[PDB]
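Before any comments, here is the structure.
What is reported rests on the model, the rules as stated and the sources as named; none is laboratory data. Here the Cβ positions follow ideal geometry from the backbone for every residue, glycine too, while neighbour counts run over all protein chains shown.
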């Protein structure tokens, strides 16, 4: 019946997105889905309304802000982004687990209005490795790198606010850790009593 | 530092003991095994094989202990498994089947529930729970103290 | 030399097509392929002839129908849909395993003209779960749901007509079951005698 | 309800015994067992009646041969060895799969009186590898090696009589091949119809 | 700091490209990448510069040829294709492993000038199976087949020049073999000392 | 064709359990443990050949003289050393050999066996090493410091080795050890050997 909301946070260079993406390629829609943000920006090539984003007009957004329709929202680089409340609750009602990819700030807003939500934080395996991963292609000014490293340490500060902690050294290991958390939760008494209603009847 | 106490219950014919065994064969003593609290203080996870009675007594004086209940995949399969070798009086079977049903009644009192159909799958489920708990913030913060420092300054 | 034909049937909500797709992403073309179906309809965005369907004319389709150029066919929602017999026997000749995704009807038609073909039936883990899976996104009329649930029961009735039965609870497990069946068949004497001809000579010196 | 009887044959140097032992270490008794042979020979240290054999006296064995209670029996280096039909039938009745380890002679005898039994033949990956494995510890006379190799080729001749064929190159892969066979058989309509009776009702 | 360059060769029919492809779907960019390769032809739809190819002028390409800016190159169905020395060294400097898919010829040129580089050769499990995979769809002239088989044998000749050897029987096993090599190399003392610098300090205080 | 694996690690790295686990899932014609030579007394169950190569204090002295050992020392009275005859006999049969020793014996063996490869196992952190070293948690702080000192001495000849496994998760670590073995078996040298017959047919 009721799905779980998983809040996933991480600094840039922990593989947070790659990881949530990998997990979805091996799991049906009736089991696990990615949360879909509302945004004001222009769709890019490939992007489709309903899948990558809920693309709406600057006006439609402000209506939604005023009628407290979002669970969290923020302005970024010139456009508005937020996670609809209605969108999340509908999916959960069908018994699907939802992955919400956000920063520590959105996290606390959701943990607030969604106290049943669980939260997972991903970290890099060392400072050196995080540096390396942040440097991406290796063609960036030392001043843009230090600003990215600063932003990362800011993110990582709120790590203790979270329910689970994954250290992402080996990608595969980290993906199994994520899969493990999902599976273990589905073995909680609450949901097993639901999923096995018929069987548990026959035995008793 | 601090380990977890796993209370494991199940009726006969669920595989409770065989399962806890198989799990101890691929896991070092510094990870999984008064006498209870000593081990837990060394950061080891303890598996306590008992019945619903013991369970409630331990849930009592050990409120931080987590509990796992194992069930047969059907009543037909439970019957079969209970019958063991197939050389038993039909009246000793029913007494075994009764005791099992009495056990299964208390399943809702537990934290986790494994349905043991495929033994391999059930063994993974058990491991999964173990791993998931070790990923909790409490325990990871402990185990990664040094790393977390380096990342923040 | 000789490949196998795998008839896969299942009611909506068992994961039948997602399963067959997942299987194809981890298996080369010289080992496993899905049947491709001749259609008379329009190729939408992404859809190409050969890969997605074998898009043909209404006339070209109507010719094929006359000279028995089909393994199964009928009419759905406006157009014409059929599974070509020549296209099957060709791929099977090259030693490839073929997956034929259909309903219980085409199944009996094929079990007929392909008595050597094996059949796999996938089922949901319970009625409650079936209901839920069928309800898809959860924005559908109770009457359209009951019509789907009905159609599913009708399909499920024919289950015992099949060689293997997979209960699709955990998707991953179900996928391994599908693979296990595939692997086990290739372990049969018939095909192993073939595949290891060189080695079996040397040992029997 | 009804389990399968698995006749397993192989030449020395294929890993036939190790394999079956490996399989039994990760499977409960209510699913898979090995067959236990009647014998007239003396139990060694560790060997127990009911586990490693069915140790009987010469006359008891003869009574049996007489009343056709065996599914096979031979005379080796001085003693008798047999497969009680009662012992096998009892276990299959409980729905357990049985693994019977024998030569090609026993195979045909059983194929005969047990037409529903399946047979698996394991082969070495090459004659060079077979030689090597047969040499065991590397301390044997060339005329004892040649007699074992001769015996091996004699055994491998009957390979075509079997249902499945496993090429044991990598031990782990071959063990998966064996496990694969078991699992695929359990997926047959015959046994699945049985195991999921309760569910198939509810669905209809 | 230093990534390894993996030179991968195989005859047609070993699944060399499918293997490298499969490997990249389960591995992050900051761990493993495919070679770019500079070319002169037209950027089709979806095909970005930097990602799919390093597209350039027939002039810019001609300059690069003169000042030995390439690792290998030739002419194919009209245009110019080649992989650049600079493009490889840049990626390996960020600690990424690079997969270069080439023939024995380019292999030798690269063994020659490339520092941290290892080579892997893939082979079919038999001649009958190599035949079958080469026959592809099954609709080819016995003379085009003999020409593809001749080219294959020419390719398999140089197998002994290579560090590792994968026999591609079962595709999944073969992909595990490839993954195994990648992992083992990252367990070498050279790279582990690098990756675990902070940890090794603390242990040695 | 075979390979000798030198495995070293400080106490609390899992070195023994790891080599033990590796042997249970692998046949004798593929992988074995090194049987070392000693002068002391055969305890109950301990068979010459299996557990040790037990020799007279004199036979051991002969063997030290004509440089028959790969490594040796004195321990709590007696003499312990690596029999190079025993090693070479096995490797000749194409079996990989595992040698559990300290950094001292290592160099002695890297010396007379330059083709042998070396693996070093480390604990995931100092805190975890401490905890693992504290075994049951009933030891004097001075017996703990003496073992932690002995570890750090052992843990500093690490660069001398070919491969480095960090044993955090026991299962991950065993996969690492298995990975190394497999990757070595995929070397051209040994693959030319094992697939000789196949490579002929291909180049027809």
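Of note:
- Scan region C:1-49 for residues that are away from every other protein chain (no Cβ under 11 Å), exposed (fewer than 14 other Cβ atoms within 10 Å of the Cβ) and in a loop (DSSP other than H, G, I, E, B) and the total you get is 7.
- Check on residue E:160, assigned by CATH to the domain that holds residue E:18, closer than 20 Å to residue F:166 by Cβ and in a helix (DSSP H, G or I): no
- Residue in region A:177-190 that is surrounded by fewer than 18 Cβ atoms within 10 Å (Cβ to Cβ) and more than 11 Å from chain B (Cβ to nearest Cβ) present: no
- Only listed residue being farther than 30 Å from residue E:51 by Cβ and surrounded by fewer than 12 Cβ atoms within 10 Å (Cβ to Cβ), chosen from A:67, A:85: A:67
- All conditions in (1) touching a strand residue (DSSP E or B) at 6+ places or on another chain (Cβ under 9 Å); (2) farther than 30 Å from residue D:178 by Cβ hold for residue C:128, with the sole exception of (1).
- In the set (1) within 12 Å of chain A (Cβ to nearest Cβ); (2) touching a strand residue (DSSP E or B) at 6+ places or on another chain (Cβ under 7 Å); (3) farther than 25 Å from residue A:178 by Cβ, residue B:97 fails one condition alone, (2).
- Residue within region A:92-108 that is in a helix (DSSP H, G or I) and within 16 Å of residue A:31 (Cβ to Cβ) present: yes
- Residue count for region A:13-33, restricted to those that are out of contact with any helix residue (DSSP H, G or I) (no Cβ under 6 Å at 6 or more places or on another chain) and either facing another protein chain (nearest Cβ under 8 Å) or in a loop (DSSP other than H, G, I, E, B) (or both): 8
- Of all positions in region C:134-153, none carries a residue that is at the interface with another protein chain (Cβ under 7 Å from one of its Cβ atoms) and surrounded by 20 or more Cβ atoms within 10 Å (Cβ to Cβ).
- Residue in region F:72-80 that is in contact with a helix residue (DSSP H, G or I) (Cβ under 6 Å, 6 or more places away or on another chain), surrounded by 14 or more Cβ atoms within 10 Å (Cβ to Cβ), part of a strand (DSSP E or B) and not assigned by CATH to the domain that holds residue F:196 present: yes
- Taking region E:160-172 as the range and being facing another protein chain (nearest Cβ under 7 Å) and crowded, with 17+ Cβ neighbours inside 10 Å as the test, the residues that pass are E:162, E:163, E:164, E:165, E:166, E:167, E:171.
- Residue ID - farthest from residue A:184 (Cα to Cα), chosen from residues in region B:134-145 that are more than 7 Å from chain A (Cβ to nearest Cβ) and buried (at least 17 other Cβ atoms within 10 Å of the Cβ): B:143
- Among the residues of region D:24-64, those identified as in contact with a strand residue (DSSP E or B) (Cβ under 7 Å, 6 or more places away or on another chain) and within 30 Å of residue D:149 (Cα to Cα) are D:24, D:34, D:35, D:36, D:37, D:38, D:39, D:40, D:41, D:43, D:47, D:53.
- Residue ID - farthest from the other protein chains (Cβ to nearest Cβ), chosen from residues in region A:115-131 that are surrounded by fewer than 19 Cβ atoms within 10 Å (Cβ to Cβ) and in contact with a strand residue (DSSP E or B) (Cβ under 9 Å, 6 or more places away or on another chain): A:116
One line per residue, one yes/no per condition, for (1) in contact with a helix residue (DSSP H, G or I) (Cβ under 6 Å, 6 or more places away or on another chain); (2) at the interface with another protein chain (Cβ under 9 Å from one of its Cβ atoms); (3) closer than 30 Å to residue C:136 by Cβ:
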| position | (1), (2), (3) |
| --- | --- |
| A:58 | no, no, no |
| A:61 | no, no, yes |
| A:86 | no, no, yes |
| A:151 | no, no, no |
| A:166 | yes, yes, no |
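- Test: residue in region C:176-190 that is touching a helix residue (DSSP H, G or I) at 6+ places or on another chain (Cβ under 9 Å), more than 10 Å from chain D (Cβ to nearest Cβ) and crowded, with 20+ Cβ neighbours inside 10 Å: no
- Residue-level check: of (1) within 30 Å of residue F:122 (Cβ to Cβ); (2) more than 13 Å from the chain's Cα centre (by Cα); (3) surrounded by 14 or more Cβ atoms within 10 Å (Cβ to Cβ); (4) in the same structural domain as residue F:173 (by CATH), residue F:24 misses just (3).
- Residue in region E:90-104 that is more than 23 Å from residue A:13 (Cβ to Cβ) and either out of contact with any strand residue (DSSP E or B) (no Cβ under 8 Å at 6 or more places or on another chain) or surrounded by fewer than 17 Cβ atoms within 10 Å (Cβ to Cβ) (or both) present: yes
- Checking residue A:105 against (1) in contact with a strand residue (DSSP E or B) (Cβ under 8 Å, 6 or more places away or on another chain); (2) crowded, with 20+ Cβ neighbours inside 10 Å, the condition it does not meet: (2)
- When the residues of region B:1-12 are filtered to those that are assigned to a loop (DSSP other than H, G, I, E, B), within 13 Å of the chain's Cα centre (by Cα) and more than 10 Å from every other protein chain (Cβ to nearest Cβ), the one that is nearest to residue B:141 (Cα to Cα) is B:4.
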